[PDB]
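Just entry-v8.csv here, CSV, C-alpha atoms and all ligand atoms:
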chain,number,residue,atom,x,y,z
A,105,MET,CA,0.0,0.0,0.0
A,106,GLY,CA,1.0,3.6,-0.4
A,107,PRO,CA,0.5,7.0,1.2
A,108,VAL,CA,-2.7,9.0,1.8
A,109,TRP,CA,-3.6,12.6,2.5
A,110,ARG,CA,-3.8,12.8,6.2
A,111,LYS,CA,-6.6,15.3,5.9
A,112,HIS,CA,-9.9,15.5,4.0
A,113,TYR,CA,-9.9,19.0,2.7
A,114,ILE,CA,-7.7,19.2,-0.3
A,115,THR,CA,-6.8,22.1,-2.5
A,116,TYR,CA,-5.8,22.3,-6.2
A,117,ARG,CA,-4.4,24.9,-8.5
A,118,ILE,CA,-3.9,24.9,-12.3
A,119,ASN,CA,-0.3,26.0,-12.9
A,120,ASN,CA,-0.9,26.6,-16.6
A,121,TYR,CA,-3.3,25.9,-19.4
A,122,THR,CA,-3.0,23.9,-22.6
A,123,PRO,CA,-3.7,26.0,-25.7
A,124,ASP,CA,-5.5,22.9,-27.1
A,125,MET,CA,-8.7,23.9,-25.2
A,126,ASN,CA,-10.2,27.1,-24.0
A,127,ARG,CA,-9.5,28.1,-20.4
A,128,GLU,CA,-13.1,27.6,-19.3
A,129,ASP,CA,-13.2,24.1,-20.8
A,130,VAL,CA,-10.0,23.2,-18.9
A,131,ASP,CA,-11.3,24.4,-15.6
A,132,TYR,CA,-14.5,22.5,-16.1
A,133,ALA,CA,-12.9,19.2,-17.1
A,134,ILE,CA,-10.7,19.4,-14.0
A,135,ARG,CA,-13.6,20.4,-11.8
A,136,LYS,CA,-15.8,17.5,-12.9
A,137,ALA,CA,-12.9,15.0,-12.5
A,138,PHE,CA,-12.4,16.0,-8.9
A,139,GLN,CA,-16.2,15.8,-8.4
A,140,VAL,CA,-16.1,12.1,-9.5
A,141,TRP,CA,-14.0,11.3,-6.5
A,142,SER,CA,-15.7,13.7,-4.2
A,143,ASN,CA,-19.0,11.9,-4.9
A,144,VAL,CA,-17.9,8.6,-3.3
A,145,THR,CA,-15.7,9.8,-0.5
A,146,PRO,CA,-15.7,12.4,2.4
A,147,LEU,CA,-13.1,14.4,0.5
A,148,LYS,CA,-13.7,18.0,-0.3
A,149,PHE,CA,-11.9,19.7,-3.1
A,150,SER,CA,-11.3,23.5,-3.5
A,151,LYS,CA,-9.7,25.3,-6.4
A,152,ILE,CA,-7.3,28.1,-5.7
A,153,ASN,CA,-5.8,30.5,-8.2
A,154,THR,CA,-2.6,31.5,-6.4
A,155,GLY,CA,-0.8,30.2,-3.5
A,156,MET,CA,0.3,26.8,-2.1
A,157,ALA,CA,-2.1,24.1,-3.3
A,158,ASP,CA,-2.0,20.4,-2.4
A,159,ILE,CA,-2.4,19.2,-5.9
A,160,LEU,CA,-0.7,21.2,-8.6
A,161,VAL,CA,-2.0,20.6,-12.1
A,162,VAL,CA,0.6,21.1,-14.9
A,163,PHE,CA,0.8,20.9,-18.6
A,164,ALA,CA,4.3,20.4,-19.9
A,165,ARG,CA,6.4,18.5,-22.5
A,166,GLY,CA,9.4,16.3,-22.7
A,167,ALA,CA,11.7,16.5,-19.7
A,168,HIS,CA,9.9,18.9,-17.4
A,169,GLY,CA,11.7,18.9,-14.1
A,170,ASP,CA,11.0,15.5,-12.5
A,171,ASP,CA,12.4,12.0,-13.2
A,172,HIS,CA,9.6,11.1,-15.6
A,173,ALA,CA,10.0,12.8,-18.9
A,174,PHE,CA,7.2,12.9,-21.4
A,175,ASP,CA,7.7,11.4,-24.8
A,176,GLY,CA,6.1,13.5,-27.5
A,177,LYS,CA,2.7,12.8,-29.2
A,178,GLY,CA,1.4,9.3,-28.3
A,179,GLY,CA,2.7,6.9,-25.6
A,180,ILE,CA,2.6,8.5,-22.2
A,181,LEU,CA,-0.3,10.8,-21.7
A,182,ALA,CA,0.0,12.0,-18.2
A,183,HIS,CA,1.2,11.0,-14.7
A,184,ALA,CA,0.7,12.0,-11.1
A,185,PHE,CA,2.5,11.7,-7.8
A,186,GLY,CA,1.0,10.0,-4.8
A,187,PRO,CA,0.0,11.9,-1.6
A,188,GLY,CA,2.8,13.9,0.0
A,189,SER,CA,4.3,17.3,0.4
A,190,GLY,CA,5.9,19.3,-2.4
A,191,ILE,CA,5.5,17.5,-5.7
A,192,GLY,CA,3.4,14.9,-3.9
A,193,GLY,CA,-0.1,14.8,-5.3
A,194,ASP,CA,0.8,16.8,-8.4
A,195,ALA,CA,-0.7,15.8,-11.8
A,196,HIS,CA,1.2,16.4,-15.0
A,197,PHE,CA,-0.3,16.3,-18.5
A,198,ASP,CA,1.8,15.8,-21.7
A,199,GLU,CA,1.3,19.0,-23.8
A,200,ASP,CA,2.4,17.0,-26.9
A,201,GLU,CA,-1.0,15.2,-26.7
A,202,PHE,CA,-4.0,17.0,-28.2
A,203,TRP,CA,-6.4,17.6,-25.3
A,204,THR,CA,-10.1,17.8,-25.9
A,205,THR,CA,-13.6,18.1,-24.4
A,206,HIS,CA,-14.8,15.1,-26.4
A,207,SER,CA,-13.7,12.0,-28.2
A,208,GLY,CA,-11.2,13.8,-30.4
A,209,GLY,CA,-7.6,13.5,-29.4
A,210,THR,CA,-7.2,12.7,-25.8
A,211,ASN,CA,-10.1,13.5,-23.4
A,212,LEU,CA,-8.9,15.7,-20.6
A,213,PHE,CA,-11.8,14.9,-18.2
A,214,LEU,CA,-11.3,11.1,-18.3
A,215,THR,CA,-7.5,11.5,-18.1
A,216,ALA,CA,-7.9,13.8,-15.1
A,217,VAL,CA,-10.2,11.3,-13.4
A,218,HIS,CA,-7.5,8.7,-13.7
A,219,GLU,CA,-4.6,10.9,-12.7
A,220,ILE,CA,-6.5,12.3,-9.6
A,221,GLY,CA,-7.0,8.7,-8.6
A,222,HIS,CA,-3.2,8.5,-8.4
A,223,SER,CA,-2.9,11.9,-6.7
A,224,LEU,CA,-5.3,10.5,-4.1
A,225,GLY,CA,-3.1,7.3,-3.6
A,226,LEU,CA,-4.7,4.7,-5.9
A,227,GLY,CA,-2.7,2.3,-8.0
A,228,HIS,CA,-3.9,0.5,-11.1
A,229,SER,CA,-6.8,-1.8,-11.5
A,230,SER,CA,-6.7,-5.2,-13.3
A,231,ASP,CA,-10.3,-4.6,-14.2
A,232,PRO,CA,-10.7,-3.3,-17.8
A,233,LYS,CA,-14.0,-1.6,-16.8
A,234,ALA,CA,-12.3,0.5,-14.0
A,235,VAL,CA,-11.1,4.0,-14.7
A,236,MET,CA,-7.9,3.1,-12.9
A,237,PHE,CA,-7.2,0.4,-15.6
A,238,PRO,CA,-3.7,1.4,-17.0
A,239,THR,CA,-4.6,2.6,-20.5
A,240,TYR,CA,-6.7,5.3,-22.0
A,241,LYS,CA,-9.9,4.8,-23.9
A,242,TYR,CA,-12.8,7.1,-24.6
A,243,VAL,CA,-16.1,6.5,-23.0
A,244,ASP,CA,-19.2,8.6,-23.2
A,245,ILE,CA,-18.6,11.4,-20.8
A,246,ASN,CA,-22.1,12.1,-20.1
A,247,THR,CA,-22.8,8.6,-19.0
A,248,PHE,CA,-19.4,8.0,-17.2
A,249,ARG,CA,-19.5,6.3,-13.8
A,250,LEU,CA,-16.8,4.9,-11.5
A,251,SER,CA,-16.7,1.1,-11.5
A,252,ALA,CA,-17.3,-0.8,-8.2
A,253,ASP,CA,-13.6,-1.5,-8.1
A,254,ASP,CA,-12.7,2.2,-8.3
A,255,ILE,CA,-15.1,2.9,-5.5
A,256,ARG,CA,-13.8,0.0,-3.4
A,257,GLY,CA,-10.2,1.2,-3.9
A,258,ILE,CA,-10.8,4.8,-2.9
A,259,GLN,CA,-13.0,4.0,0.1
A,260,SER,CA,-10.2,1.7,1.4
A,261,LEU,CA,-8.1,4.8,1.6
A,262,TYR,CA,-10.6,7.4,2.9
A,263,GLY,CA,-13.6,6.7,5.1
A,301,LIG,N1,4.5,3.9,-22.4
A,301,LIG,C1,3.3,4.0,-21.5
A,301,LIG,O1,2.2,4.3,-22.0
A,301,LIG,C2,3.6,3.9,-20.1
A,301,LIG,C3,3.6,2.4,-19.7
A,301,LIG,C4,3.1,2.1,-18.4
A,301,LIG,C5,4.3,2.0,-17.4
A,301,LIG,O2,5.0,1.0,-17.4
A,301,LIG,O3,4.4,3.0,-16.5
A,301,LIG,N2,2.5,4.7,-19.4
A,301,LIG,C6,2.9,5.7,-18.5
A,301,LIG,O4,4.1,6.0,-18.2
A,301,LIG,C7,1.8,6.5,-17.7
A,301,LIG,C8,1.9,6.3,-16.3
A,301,LIG,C9,1.1,7.3,-15.5
A,301,LIG,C10,-0.3,6.7,-15.1
A,301,LIG,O5,-0.4,5.5,-15.1
A,301,LIG,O6,-1.3,7.4,-15.0
A,301,LIG,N3,0.5,6.2,-18.0
A,301,LIG,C11,-0.2,6.9,-19.0
A,301,LIG,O7,0.3,7.9,-19.6
A,301,LIG,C12,-1.7,6.6,-19.3
A,301,LIG,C13,-2.5,7.2,-18.2
A,301,LIG,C14,-4.0,7.0,-18.3
A,301,LIG,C15,-4.5,5.7,-18.0
A,301,LIG,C16,-5.9,5.5,-18.1
A,301,LIG,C17,-6.7,6.5,-18.6
A,301,LIG,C18,-8.2,6.3,-18.7
A,301,LIG,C19,-9.0,5.1,-18.5
A,301,LIG,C20,-10.3,5.3,-18.8
A,301,LIG,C21,-11.3,4.2,-18.6
A,301,LIG,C22,-12.7,4.5,-18.5
A,301,LIG,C23,-13.6,3.5,-18.3
A,301,LIG,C24,-13.2,2.2,-18.4
A,301,LIG,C25,-11.9,1.9,-18.6
A,301,LIG,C26,-10.9,2.9,-18.7
A,301,LIG,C27,-10.7,6.6,-19.2
A,301,LIG,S1,-9.2,7.5,-19.3
A,301,LIG,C28,-6.2,7.7,-18.9
A,301,LIG,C29,-4.9,8.0,-18.8
A,302,CA,CA,3.1,11.4,-25.0
A,303,CA,CA,1.8,18.9,-4.2
A,304,CA,CA,-1.2,19.9,-27.0
A,305,ZN,ZN,6.0,15.1,-14.5
A,306,ZN,ZN,-2.2,5.3,-14.1
Now that the file is in, can you turn its structure into structure tokens?
Amino acid sequence: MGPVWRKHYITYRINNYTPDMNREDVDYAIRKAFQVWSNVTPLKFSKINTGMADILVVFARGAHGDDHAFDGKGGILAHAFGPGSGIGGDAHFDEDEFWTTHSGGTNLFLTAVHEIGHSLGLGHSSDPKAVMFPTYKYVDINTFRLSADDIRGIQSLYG
């Protein structure tokens, strides 16, 4: 097992915005992704626009300051650090991907759901129907729901 936030009130901040999408559409995708996890836990998420946040959201390309360089278009889409101080919790998205509000390119909302799972301390699921399954695939975003496995996983960390 890994680490967890030793608190239930968790802040996030968007460091910077992909030019792929409009600013409002980015904020929304991220907000809705946090809400997915909020809906099945006691966790409360708050966006801040300046200052120290628990989870920093970053778009960057190639080698971008950690031990985990991105790899251009395709392959790695994003990654996130487990709960902890400093870079802990932070979620990074590869700017070399084309981020979208829909099924075009790589869907930011679905990807954020997956990465925030990691930011909260989840690992991967062996269940192909779970959002924490290790590879991207588009599913209808209006009908999207966490799988029972995702809910089991997150509730085992936060009660
Ligand atoms: N070359 C690679 O692709 C490597 C290989 C994996 C490894 O060995 O680390 N991947 C990597 O390095 C990184 C690691 C970071 C992470 O895992 O988040 N992974 C990645 O870059 C991929 C991260 C990702 C994983 C899953 C999803 C999604 C799943 C779903 C979904 C919805 C319903 C049902 C089923 C699925 C919607 S969206 C989105 C994004
Ligand atoms: Ca990539
Ligand atoms: Ca952090
Ligand atoms: Ca891009
Ligand atoms: Zn990174
Ligand atoms: Zn993952």
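Minimum distance to residue A:224 across A:171, A:244, A:199, A:194 (counting only C-alpha atoms) occurs at A:194.
Between atom CA of residue A:189 and atom CA of residue A:109 lies a distance of 9.4 Å.
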Within 10 Å of residue A:241, counting all atoms listed in the file, which residues show up once you throw out same-chain ones fewer than 3 positions away? Write them as number ranges by chain, please.
A: 207, 210-211, 214-215, 235, 237-238
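Every protein, DNA or RNA residue with an atom at most 12 Å from residue A:167, where all atoms listed in the file count and chain neighbours fewer than 6 positions away do not, is listed here: residues 173, 174, 175, 176, 196, 198, 199 and 200 of chain A.
Based on only C-alpha atoms and all ligand atoms, the protein and nucleic acid residues found within 7 Å of ligand LIG 301 (chain A) are, by chain and then by number, residues 179, 180, 181, 182, 183, 184, 214, 215, 218, 219, 222, 232, 233, 234, 235, 236, 237, 238, 239, 240, 241, 242 and 243 of chain A.
With all atoms listed in the file as the basis for measurement, A:185 is the residue among A:185, A:121, A:113, A:138 that approaches ligand ZN 306 (chain A) most closely.
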Have a look at A:165, A:127, A:135, A:112 and name the one nearest to ligand ZN 305 (chain A); count all atoms listed in the file.
A:165
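Here atom CA of residue A:226 and atom CA of residue A:206 stand 25.1 Å from one another.
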Let me have all residues with an atom within 7 Å of ligand CA 303 (chain A), counting only C-alpha atoms and all ligand atoms, laid out as a list in words.
residues 157, 158, 159, 160, 188, 189, 190, 191, 192, 193 and 194 of chain A
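Closest to residue A:170 among A:146, A:263, A:195, A:117 is A:195, based on all atoms listed in the file.
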Mind checking which residues fall within 9 Å of residue A:141, counting all atoms listed in the file, ignoring those fewer than 3 positions away in the same chain, and posting them as a VMD selection string?
chain A and resid 137 to 138 144 to 145 147 217 220 to 221 250 255 258
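Nearest to ligand ZN 306 (chain A) of all the residues A:261, A:216, A:130, A:152 is A:216, counting all atoms listed in the file.
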Please, what distance in Å, to one decimal, runs between atom CA of residue A:205 and atom CA of residue A:148?
24.1 Å
Every residue with an atom at most 7 Å from (-3.2, 23.5, -11.7) (file coordinates; only C-alpha atoms) is what I'm after, so could you write them as a PyMOL selection string?
chain A and resi 116-120+160-162
Counting all atoms listed in the file, name the residues that have an atom within 7 Å of an atom of ligand CA 304 (chain A); the answer should be given as an mmCIF file with C-alpha atoms, in the coordinates of the input.
data_model
loop_
_atom_site.group_PDB
_atom_site.id
_atom_site.type_symbol
_atom_site.label_atom_id
_atom_site.label_comp_id
_atom_site.auth_asym_id
_atom_site.auth_seq_id
_atom_site.Cartn_x
_atom_site.Cartn_y
_atom_site.Cartn_z
ATOM 1 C CA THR A 122 -3.000 23.900 -22.600
ATOM 2 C CA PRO A 123 -3.700 26.000 -25.700
ATOM 3 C CA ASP A 124 -5.500 22.900 -27.100
ATOM 4 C CA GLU A 199 1.300 19.000 -23.800
ATOM 5 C CA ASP A 200 2.400 17.000 -26.900
ATOM 6 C CA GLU A 201 -1.000 15.200 -26.700
ATOM 7 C CA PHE A 202 -4.000 17.000 -28.200
ATOM 8 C CA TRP A 203 -6.400 17.600 -25.300
#
